[PDB]
Amino acid sequence: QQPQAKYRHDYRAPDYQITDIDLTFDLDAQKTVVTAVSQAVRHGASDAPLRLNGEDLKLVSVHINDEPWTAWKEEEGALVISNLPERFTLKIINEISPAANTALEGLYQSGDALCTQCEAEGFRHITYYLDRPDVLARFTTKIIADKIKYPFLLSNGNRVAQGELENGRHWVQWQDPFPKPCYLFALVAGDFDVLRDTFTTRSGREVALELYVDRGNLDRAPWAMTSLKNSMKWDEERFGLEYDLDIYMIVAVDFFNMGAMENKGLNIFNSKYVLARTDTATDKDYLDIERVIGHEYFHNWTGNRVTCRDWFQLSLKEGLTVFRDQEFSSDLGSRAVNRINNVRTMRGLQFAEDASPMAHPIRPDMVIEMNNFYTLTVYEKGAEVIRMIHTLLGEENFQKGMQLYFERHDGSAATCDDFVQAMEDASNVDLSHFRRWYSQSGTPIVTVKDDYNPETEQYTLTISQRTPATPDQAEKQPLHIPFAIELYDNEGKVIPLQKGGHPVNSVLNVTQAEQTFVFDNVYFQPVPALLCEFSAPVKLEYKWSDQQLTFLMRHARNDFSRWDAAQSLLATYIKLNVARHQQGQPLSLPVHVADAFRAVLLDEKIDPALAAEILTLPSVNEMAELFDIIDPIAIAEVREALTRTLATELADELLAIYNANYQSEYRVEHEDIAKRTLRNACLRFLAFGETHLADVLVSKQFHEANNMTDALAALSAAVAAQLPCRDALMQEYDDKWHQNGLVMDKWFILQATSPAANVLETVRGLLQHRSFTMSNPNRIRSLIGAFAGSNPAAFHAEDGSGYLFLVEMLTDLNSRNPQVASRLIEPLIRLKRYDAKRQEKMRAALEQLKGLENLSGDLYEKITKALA
Ligand SMILES: [NH3+][C@H]1CCc2cccc(-c3ccccc3)c2CC1(O)O
Ligand SMILES: [Cl-]
Ligand SMILES: [Cl-]
Ligand SMILES: [Cl-]
Ligand SMILES: [Cl-]
Ligand code: NA
Ligand code: NA
Ligand code: NA
Ligand code: NA
Ligand code: NA
Ligand code: NA
Ligand code: NA
Ligand code: NA
Ligand code: NA
Ligand SMILES: [Zn+2]
């Protein structure tokens with residue numbers, strides 16, 4: 001009764017195309033009537049039926065060339081229409097109920113507004129259609145609604161007609177000239193404030209920009225508007241791409257399963273990625289709005305003008321658009337901080353997915369529920385694969401490849417292979433072996449051994465690779481790994497790479513299971529920097545000495561290498577101290593490790609942006625990936641103990657740098673953000689100083705803050721260190737902000753990730769909090785999701801209480817909102833990484849969920865893999 005898996009190798013062109021669709025919506029929250037008039041063309045055999053997808057539709061009528069049709073049947077998920085001519089007009093009338101749509105897939109209610117989400121397969125919840133992304137149709141959309149309740153009626157494209165009717169109704173008709181797959185359809189109806197502006201493209205096209213927000217929120221919209229203009233300008237400058245319509249609409253909605261969605265000319269955003277004011281939004285919020293506005297804008301070419309032939313090609317648009325958003329953020333802001341944080345995500349979150357039961361290549365081969373594959377792998381590893389192409393080609397060749405990709409595939413629904421072929425053909429770089437990155441799951445492990453020969457002045461790297469088997473793939477092969485290096489002499493100067501009288505490129509092509517690279521004219525023993533700028537998404541095994549690593553922290557040319565060396569240095573002592581914790585022994589840390597961080601604090605020449613990240617310890621999820629068996633309690637308690645030890649050893653320096661980076665003016669400007677991130681990195685440690693000093697410092701910052709970045713940093717510190725002021729500050733924040741859900745999400749996260757012994761009792765009680773509701777995905781993610789995913793020490797309490805709590809929540813969400821349920825179940829799918837007693841409790845939890853009445857396909861897919 002659960003759906004069967006679908007396979008990439010079963011792709012077949014559609015038997016029918018639809019070239020044009022004329023939609024009419026007679027809108028109502030309880031009942032919406034949809035009329036869909038489609039112009040269809042048969043491409044397949046004359047006896048093949050038209051198979052339309054549809055979910056939870058009330059069919060009213062079926063006509064073919066205005067003839068009521070008798071040769072049809074409804075089956076599970078489908079309307080099957082037989083005996084059709086080669087070309088015909090299909091007319092479907094059906095009814096749907098937005099108010100009953102709690103899954104937020106299709107047409108649904110967000111507060112008093114009506115809005116849509118159609119990716120991946122939501123349009124079939126609106127009408128019977130060819131809901132597959134290689135069917136590209138020209139849409140015209142006529143929306144009829146009560147004028148008082150729904151004064152703004154929006155769909156893709158341009159307004160081409162409008163009218164008024166009896167009984168207080170009105171209508172607007174929209175025409176989008178670009179053929180599209182239906183996952184890019186959008187409709188919005190509601191009452192909004194509208195921020196209006198203009199962008200003029202470099203060739204002179206004036207684009208009207210319209211940001212729709214709830215009434216009263218115009219003064220929270222200018223940063224998103226500014227970011228949209230910045231995105232448009234950057235895509236012109238960096239990629240040579242201009243917007244292609246004369247109207248760009250963005251609608252902010254409060255109820256949205258995703259971050260945002262690139263519907264053509266009518267993006268729909270979670271309010272979290274639009275609304276910002278300095279008293280309510282942090283620096284991180286500002287830069288996330290920039291990133292997400294950019295991402296959705298960049299999809300206009302990488303996703304919309306060229307779309308996906310089938311959903312197994314998702315990374316064609318998502319890896320490439322993530323790469324574009326990273327490059328945008330990096331160009332405008334701190335490249336090093338962006339790269340560092342994307343590598344933290346890869347190593348600490350995506351690597352874990354790639355070892356888990358849900359492991360998949362960036363181009364999946366097997367899918368049950370496609371909405372389960374909007375993953376760290378498809379997105380973030382997808383972007384690392386694009387970035388490897390960029391590394392192998394260089395910017396100029398890479399842009400030639402982009403240009404050839406659009407020239408060949410503009411206006412079509414293409415494949416990952418098409419994209420690689422365009423890059424290969426434009427650049428003359430052979431990517432045949434490289435293609436295996438699209439087909440193979442799991443994280444490669446690259447092992448490096450080195451040798452310096454003083455007699456010949458040669459340095460030899462012996463490099464091996466392997467990918468462990470994953471649950472989805474028993475066969476693994478070597479990859480084409482771009483392996484960037486730099487060699488340093490004793491004075492920190494770069495040693496030129498050469499062999500036999502010729503320069504050697506610093507990107508080594510590691511293509512074999514084992515190979516040897518020899519460098520000549522190496523006159524002194526080198527300190528290597530390896531896998532520079534995380535040049536391939538791999539685990540590196542090299543036997544660093546502590547002093548090589550502190551040398552790199554002082555001398556490496558690229559800021560990323562200095563941070564990465566610090567990570568390698570910490571990793572050794574995180575592993576040491578988790579083993580000690582398990583034997584009841586306290587933290588042990590050589591003096592020279594603390595001194596390396598002391599030197600970072602006192603180095604006046606280091607970019608504060610970099611110093612702040614070096615002084616930000618790995619998260620508990622990053623730490624977990626260091627271990628064969630995760631002990632989440634040891635990891636959490638070692639992270640705190642490490643923080644305390646550094647706070648004590650560096651107390652004077654931390655306070656000096658905290659004070660030196662004080663800023664009385666607040667500005668959303670990258671140099672100011674960097675100083676603030678350094679100051680607040682110091683605050684985290686100072687919060688673990690002597691209690692009375694810490695309590696005073698933290699509470700003062702909370703009360704004196706003139707911006708939410710500094711207020712939240714102080715509040716977070718009070719929770720993390722369990723300071724005396726904590727309860728008072730948390731109550732003050734609630735009393736001030738309880739009516740603002742986006743702001744309370746920060747507070748729910750702090751509650752959920754608290755180190756307090758009674759955290760689960762508190763989290764359970766917050767299910768009844770005035771600012772919490774199970775009807776809102778953001779609230780769910782901020783309280784329940786943060787508990788299960790970001791507080792593994794409490795989620796994995798040895799009494800099993802965290803698993804039982806999550807089962808309760810998932811029993812609700814399986815029925816209410818399966819997409820949110822499927823995001824929330826992920827911590828349980830990782831059970832084989834834990835000790836036997838925890839595995840037993842997690843299996844029991846998953847078996848309870850497996851037995852639910854009306855188990856969603858979303859959860860079924862993950863439960864089945866986890867219990868295998
Ligand atoms: N096509 C959509 C699908 C929904 C989805 C799912 C998971 C993540 C994201 C997302 C990634 C980076 C920045 C902002 C959002 C998105 C947005 C999207 O545009 O990719
Ligand atoms: Cl109604
Ligand atoms: Cl809003
Ligand atoms: Cl930290
Ligand atoms: Cl316990
Ligand atoms: Na016709
Ligand atoms: Na930059
Ligand atoms: Na499905
Ligand atoms: Na579904
Ligand atoms: Na050696
Ligand atoms: Na060595
Ligand atoms: Na180079
Ligand atoms: Na090679
Ligand atoms: Na509530
Ligand atoms: Zn995207």
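The analysis underlying the following values was restricted to heavy atoms, covering all of them including side chains, and did not include hydrogens, waters or symmetry mates. Along the sequence shown, residues are numbered consecutively beginning with 1.
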Asks: Would you confirm whether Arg833, through its side chain, and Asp628, through its main-chain N or O, come within 3.5 Å as a donor-acceptor pair?
Replies: yes
Asks: If we ignore hydrogens and angles and just use 3.5 Å, is the side chain of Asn372 paired with the main-chain N or O of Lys862 as donor and acceptor?
Replies: no
Asks: Quick one: does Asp489's side chain have a donor or acceptor within less than 3.5 Å of a partner on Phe524's backbone?
Replies: no
Asks: Apply ring pair (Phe, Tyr, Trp, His ring centres under 6.0 Å) to the pair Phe398 and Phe323, showing each step before the final yes or no.
Replies: CA-CA 12 Å; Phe398 184 90; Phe323 176 78; 5.4 Å; yes
Asks: Checking salt bridge (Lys or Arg N to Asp or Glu O under 4.0 Å) against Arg339, which of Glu384, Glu613, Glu533 comes through?
Replies: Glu384
Asks: Does a sphere of radius 6.0 Å around CZ in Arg408 hold more than 12 heavy atoms from other residues, nucleotides or ligands, not counting ones at 6.0 Å or beyond?
Replies: yes
Asks: Look up atom CZ in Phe312 and atom OG1 in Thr415, then write down how far apart they are to the nearest 0.5 Å.
Replies: 13.5 Å
Asks: Under 4.5 Å between any side-chain heavy atoms of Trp544 and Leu552, yes or no?
Replies: yes
Asks: As an exercise, state the distance from CD of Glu671 to CG of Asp607, rounded to the nearest 0.5 Å.
Replies: 8.5 Å
Asks: With side chains defined as the heavy atoms from C-beta onward, is the minimum distance between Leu531 and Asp564 less than 4.5 Å?
Replies: no
Asks: Would you find more than 12 non-hydrogen atoms of other residues, nucleotides or ligands less than 6.0 Å from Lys6 atom NZ?
Replies: no
Asks: For the side chain of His360 and the backbone of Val367, is there at least one donor-acceptor N/O pair under 3.5 Å apart?
Replies: no
Asks: For the residue pair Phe419 and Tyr438, is the inter-centroid distance of their aromatic rings smaller than 6.0 Å?
Replies: no
Asks: For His9, is the NE2 atom crowded, meaning more than 12 foreign heavy atoms sit under 6.0 Å from it?
Replies: yes
Asks: Can you confirm whether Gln547 is buried at CD, in the sense that more than 12 heavy atoms of other residues, nucleotides or ligands lie under 6.0 Å from that atom?
Replies: yes
Asks: For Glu455 and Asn453, does a side-chain donor sit closer than 3.5 Å to a side-chain acceptor?
Replies: no
Asks: When you check the side-chain N and O atoms of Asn621 and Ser619, is any donor under 3.5 Å from an acceptor?
Replies: no
Asks: With side chain to side chain donor-acceptor pair (under 3.5 Å) as the criterion, how do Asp288 and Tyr273 come out once you've worked through the C-alpha distance, each side chain's angles and the decisive distance to 0.1 Å?
Replies: CA-CA 7 Å; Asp288 273 338; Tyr273 296 121; 5.1 Å; no
Asks: Less than 6.0 Å separating the ring centroids of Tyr248 and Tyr243?
Replies: yes
Asks: For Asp417 and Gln421, test the side chains for any donor-to-acceptor distance below 3.5 angstrom and give the result as yes or no.
Replies: no
Asks: Salt bridge (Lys or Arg N to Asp or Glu O under 4.0 Å), that's the test. Do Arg344 and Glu622 meet it? Break it down for me.
Replies: CA-CA 7 Å; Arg344 287 191 188 271; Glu622 291 179 80; 3.0 Å; yes
Asks: Kindly compute the distance separating CD1 (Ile362) from CG (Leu316), expressed to the nearest 0.5 Å.
Replies: 10.0 Å
Asks: Applying the side chain to side chain contact (heavy atoms under 4.5 Å, CB included) criterion to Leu228, which one of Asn267, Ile293, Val207, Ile289 satisfies it?
Replies: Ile293
Asks: The test is salt bridge (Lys or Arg N to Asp or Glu O under 4.0 Å); show your working for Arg309 and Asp418 and say whether it passes.
Replies: CA-CA 10 Å; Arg309 188 194 70 175; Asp418 290 327; over 6 Å; no
Asks: Mind checking whether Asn521 and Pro496 have side chains closer than 4.5 Å, heavy atoms only?
Replies: no
Asks: Looking only at the aromatic ring of each residue, does the gap between the centers of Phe406 and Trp301 stay below 6.0 angstrom?
Replies: yes
Asks: Using modelled atom types only, decide if a donor and an acceptor are shared between the side chain of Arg324 and the backbone of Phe298 within a distance under 3.5 Å.
Replies: yes
Asks: Check whether any side-chain heavy atom of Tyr459 lies under 4.5 Å from a side-chain heavy atom of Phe517, and answer yes or no.
Replies: no
Asks: Let me see the working for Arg387 and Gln326 under side chain to side chain donor-acceptor pair (under 3.5 Å), right down to the final yes or no.
Replies: CA-CA 10 Å; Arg387 183 173 300 280; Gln326 293 179 3; 3.1 Å; yes
Asks: Look only at the side chain of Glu861 and the backbone of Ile368, and say whether a donor-acceptor pair between them is shorter than 3.5 Å.
Replies: yes
Asks: Which pair of heavy atoms, one from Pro478 and one from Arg436, lies closest together, and at what distance?
Replies: O-NH1, 2.8 Å
Asks: With side chains defined as the heavy atoms from C-beta onward, is the minimum distance between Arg363 and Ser439 less than 4.5 Å?
Replies: yes
Asks: Can you label the angle between the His299 ring and the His295 ring as parallel, tilted or perpendicular, going by 30° and 60°?
Replies: perpendicular
Asks: Just by distance, with hydrogens left out, do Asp244 and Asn300 show a side-chain donor and acceptor under 3.5 Å apart?
Replies: yes
Asks: Begin with the C-alpha distance, continue with both residues' side-chain angles, and end with the deciding distance and a verdict on side chain to side chain donor-acceptor pair (under 3.5 Å) for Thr460 and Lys449.
Replies: CA-CA 8 Å; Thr460 302; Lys449 293 285 185 303; over 6 Å; no
Asks: Can you confirm whether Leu431 sits close enough to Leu392 that some side-chain heavy atom of one is under 4.5 Å from a side-chain heavy atom of the other?
Replies: yes
Asks: Donor-acceptor check, side chain of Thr321 to backbone of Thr302, threshold 3.5 angstrom: yes or no?
Replies: yes
Asks: Working note: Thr19 + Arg138, criterion side-chain contact (heavy atoms from CB on, under 4.5 Å); need CA distance, chi angles, decisive distance, verdict.
Replies: CA-CA 6 Å; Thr19 62; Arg138 293 169 288 251; 3.9 Å; yes
Asks: Going through the checks in order, is the salt bridge (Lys or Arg N to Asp or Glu O under 4.0 Å) test met by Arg305 and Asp410?
Replies: CA-CA 6 Å; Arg305 284 288 288 261; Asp410 185 13; 2.8 Å; yes
Asks: Carefully, step by step, assess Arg557 and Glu486 under the rule salt bridge (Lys or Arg N to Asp or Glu O under 4.0 Å).
Replies: CA-CA 9 Å; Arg557 272 193 322 115; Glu486 193 149 280; 2.6 Å; yes
Asks: Within a strict 4.5 Å, meaning less than it, do heavy atoms of the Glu262 and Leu184 side chains meet?
Replies: yes
Asks: Report yes or no: does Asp235 contribute a side-chain atom to a donor-acceptor pair with the main-chain N or O of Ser231 at less than 3.5 Å?
Replies: no
Asks: With a 4.5 Å cut-off on side-chain heavy atoms, are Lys400 and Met423 touching?
Replies: no
Asks: Find the distance between OG (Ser427) and CD1 (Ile389) and round it off to the nearest 0.5 Å.
Replies: 9.0 Å
Asks: Supply the atom-to-atom distance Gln567 CD to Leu549 CG, rounded to the nearest 0.5 angstrom.
Replies: 10.5 Å
Asks: Please answer whether the main-chain N or O of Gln477 pairs with a side-chain N or O of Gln440 as donor and acceptor at a distance below 3.5 Å.
Replies: yes
Asks: What's the verdict on side chain to side chain donor-acceptor pair (under 3.5 Å) for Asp472 and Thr470, showing C-alpha distance, side-chain angles and the deciding distance?
Replies: CA-CA 5 Å; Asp472 64 305; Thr470 54; 2.6 Å; yes
Asks: Between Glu395 and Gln399, do the side chains contain an N or O donor and an N or O acceptor separated by less than 3.5 Å?
Replies: yes
Asks: Only one of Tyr374, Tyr183, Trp311 clears side chain to side chain donor-acceptor pair (under 3.5 Å) with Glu119; which?
Replies: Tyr374
Asks: Do the rings of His480 and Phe434 sit parallel, tilted or perpendicular, given the 30° and 60° boundaries?
Replies: perpendicular
Asks: Examine distances only and state if a side-chain atom of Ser330 and a backbone atom of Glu327 form a donor-acceptor pair shorter than 3.5 Å.
Replies: no
Asks: Answer yes or no on whether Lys264 is positioned over the face of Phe178, meaning its NZ or CZ is under 6.0 Å from the six-membered ring centre and within 45° of the axis.
Replies: yes
